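The block underneath contains the structure these notes are about, expressed in structure tokens.
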Amino acid sequence: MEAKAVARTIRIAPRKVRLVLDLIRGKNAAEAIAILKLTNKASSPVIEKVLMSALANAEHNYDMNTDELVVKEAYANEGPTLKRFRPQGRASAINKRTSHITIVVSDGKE
Amino acid sequence: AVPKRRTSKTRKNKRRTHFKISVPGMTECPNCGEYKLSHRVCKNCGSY
Amino acid sequence: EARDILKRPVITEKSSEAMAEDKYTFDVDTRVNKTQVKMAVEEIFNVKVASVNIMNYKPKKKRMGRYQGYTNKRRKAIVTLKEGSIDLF
Amino acid sequence: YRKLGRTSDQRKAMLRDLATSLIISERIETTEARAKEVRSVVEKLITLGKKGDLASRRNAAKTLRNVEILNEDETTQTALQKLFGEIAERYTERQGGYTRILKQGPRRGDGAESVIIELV
Amino acid sequence: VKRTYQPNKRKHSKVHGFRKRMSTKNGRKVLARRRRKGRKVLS
RNA sequence: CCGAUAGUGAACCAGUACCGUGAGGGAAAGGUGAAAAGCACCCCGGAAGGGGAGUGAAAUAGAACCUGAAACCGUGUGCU
RNA sequence: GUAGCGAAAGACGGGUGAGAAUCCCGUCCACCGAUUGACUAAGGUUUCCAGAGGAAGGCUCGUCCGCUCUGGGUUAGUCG
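Chains as they are written, first to last, in this note's numbering: chain A, 1 to 110; chain B, 1001 to 1048; chain C, 2001 to 2089; chain D, 3001 to 3120; chain E, 4001 to 4043.
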């Protein structure tokens, strides 16, 4: 039923992206893809790329009925942050975060 | 002019309630085109 | 003598631009001079030269994956001969 | 009026070179407000070219620029020549408008609610 | 503005330097210490 | 007698990176598998990442790789 | 998702490419103007150039880079 795909350690915060992903939680691909091509952040095209491969999986492998596919679930969690600096004449620091993204997509059934 | 106490996560998420984002209208194009939004020229098969 | 000193000949774009003319290139021992160089090759190859220049070079630095270092210095050298030529490849 | 956040002399120069290029193209992609406010300018301007007088010629030459389209067949002429000899003829009727404009989507670099402008 | 350390190679090598600190006993004391520490570097 | 915040400063790239005009100070950094047998081939993706497939006793054993705690961050959920 | 994102007029088109405010070509405009100009010294030490590259870096971006990889590159009797 469920296909799945996952983005590994992506250079965005979950605080950055939880919002964009808190919309499609319980929807269809069609509306969802449209929304991704519609609204304007940098999360969008990536998430879209993800789903296109997710359904490449679901169809090439499991061969299910696309339009009847709804969002099963999808979210993300933290990842391996890195660290950088600010010159300033004396020391100063910062941290660059990442993200672990998951989408599971079902034909809404078993 | 800096924090006295710590931010309870309660209070955090409680403030972040209206920290959201809404969507576009997203109708069909019956004047001309595919599913394309209310009176909308072609971004993908649109009319108005 | 005379053959330890020239370690190899050099080849690149600029080299071939020079071999267009009688200007040829080598990389030789680093402790030498134009004169002994000339005295060596003019009799090794049985030829004679009009002139010569030299440059030197520092080690271009280098790195291979948590292990690094340098090159060696290079006594790059050039000769601008006058008659005959060289059956090189 | 509208300020743009840019400065006044910068702004005048901007608008005039903008309109110039637009004559060269008949349409162009840019932001919204910059087009919103070249709009009325060049409506006044085509209004001038609708009259062909030497005075209007002069008033145009204030705003327009010292430019040469490589016109077709390797030919050449100015925004001036074009305006006063290729266009006012065309819109010789019309009683307003003379342009149209095209809302589009945002841009990448920003949330730039961009627009194409066209000619009518 | 002006801060410290307007370098000269030569002057560095001169208050430092091998031929320098091999002059004096109180100089030559330390090169041992660098070697008795096995610090890899001298002057 | 200690078993990687120990044990010597150093079980690895150690008097090293690094700092210091200068003497001088001075780190961090161990664990795939029995066997690399280290994911053939397809699908998506600009790729990276993946899902399958396939390996292996095992891949929540996939190279940063033994387990994998807690803080922390998330998703669901029953009562609210 | 706060504060902040360091000094110098940009605009359009064309191109580029998976992808362009930030790369390229162009037209105009604008600024320095005893100089943000050119020279030499020290000092810096290959940042140079020809390609190839996104991974990391670049205070946004990134098809670009003083980032990386590869390969090349500094010629003296008079100059010093």
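C-beta atoms are modelled at their ideal positions from N, C-alpha and C, and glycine is treated no differently.
Would you identify the three-state DSSP class for A:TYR62, choosing helix, strand or coil?
helix
Going by C-alpha distance, which of A:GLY89, A:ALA29, A:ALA13 is nearest A:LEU69?
A:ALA29
Listing by chain order, which chain A residues have their CB less than 7 Å from the CB of B:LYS1020?
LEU19
Please state whether the Cβ-Cβ distance between B:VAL1023 and A:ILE10 is less than 9 Å.
no
Simplified DSSP state of A:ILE24, which is helix, strand or coil:
coil
Beta-carbon gap between residue 145 of chain A and A:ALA32 smaller than 9 Å:
Nothing about residue 145 of chain A can be reported from this structure: the residues present for chain A run from 1 to 110 only.
Delimiting residues of the beta strand (DSSP E) encompassing A:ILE47:
A:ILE47 -> not in any beta strand (DSSP E); alpha helix (DSSP H) instead, spanning 43-57.
Can you tell me which of C:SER2015, C:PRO2059, C:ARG2074, C:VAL2037 puts its alpha carbon nearest to the alpha carbon of C:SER2051?
C:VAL2037
Spatial neighbours of C:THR2030 within its chain, please: CB distance less than 8 Å, with the 5 preceding and 5 following residues excluded, ordered by chain position.
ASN2056, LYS2073, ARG2074, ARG2075
Quick check on D:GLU3086: does DSSP put it in helix, strand or coil?
helix
C-alpha distance - C:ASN2053 paired with C:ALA2018, whole-angstrom precision
13 Å
If you follow the alpha helix (DSSP H) that A:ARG84 is in, where does it begin and where does it stop?
A:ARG84 -> not in any alpha helix (DSSP H); beta strand (DSSP E) instead, spanning 82-85.
When the distance is taken between beta carbons, is D:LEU3064 closer than 9 Å to D:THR3099?
no
Chain-ordered residues of the region 49-74 of chain A with a beta carbon less than 7 Å from chain B:
none
Euclidean distance between Cα positions of C:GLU2083 and C:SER2016:
18 Å
Buried or exposed for D:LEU3054, please, with buried defined as at least 16 other CB atoms from any protein chain shown within 10 angstroms of its CB.
exposed
Is D:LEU3083 buried or exposed, if buried means 16 or more other CB atoms sit within 10 Å of its CB?
buried
Is there contact here, the region 3107-3119 of chain D with the region 3026-3037 of chain D, by at least three beta-carbon pairs under 8 Å?
yes
Chain A residues whose Cβ lies nearer than 9 Å to that of B:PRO1024:
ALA34, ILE35, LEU38, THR39
Would you say B:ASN1013 reaches chain A, if we count a Cβ-Cβ gap shorter than 9 Å as a contact?
no
In chain B, which residues lie with their C-beta within 7 Å of the C-beta of A:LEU23?
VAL1023
Entirely within the region 3003-3043 of chain D and at least 3 residues each: give me those beta strand (DSSP E) ranges in chain order.
3028-3030
Determine, using beta carbons only, whether D:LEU3045 and D:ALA3061 come nearer to each other than 9 Å.
no
How far does the beta strand (DSSP E) with C:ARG2063 in it reach, from first residue to last?
2061-2063
Residues bridged to A:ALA3 by DSSP?
A:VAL105
Within 10 angstroms of the Cβ of B:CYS1032, are there 16 or more other Cβ atoms? Answer buried if so, exposed if not.
exposed
Return the Cβ separation of A:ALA5 and A:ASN57 in integer angstroms, given the expectation that the two are a contact with Cβ distance under 8 Å.
6 Å
Given D:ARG3090, which residues of its chain have a CB within under 6 Å of its CB, disregarding the five upstream and five downstream residues?
none
Is any beta-carbon of chain B found at less than 9 Å from that of A:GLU31?
yes
Over what stretch of residues does the beta strand (DSSP E) that includes C:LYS2076 continue unbroken?
2075-2080
Specify the secondary structure class of C:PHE2026 as computed by DSSP and reduced to three states.
strand
Spatially closest choice to residue 2092 of chain C from C:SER2085, C:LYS2062, C:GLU2042, C:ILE2078, by CA coordinates
Residue coverage of chain C in this structure runs from 2001 to 2089, which leaves residue 2092 of chain C outside it and unanswerable.
Less than 9 Å separating the beta-carbons of A:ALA3 and A:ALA54?
yes
Rounded to whole angstroms, what's the CA-CA distance from D:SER3056 to D:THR3078? Just pull it up for me.
15 Å
Does the distance from the CB of A:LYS16 to the CB of A:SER43 come in under 9 Å?
yes
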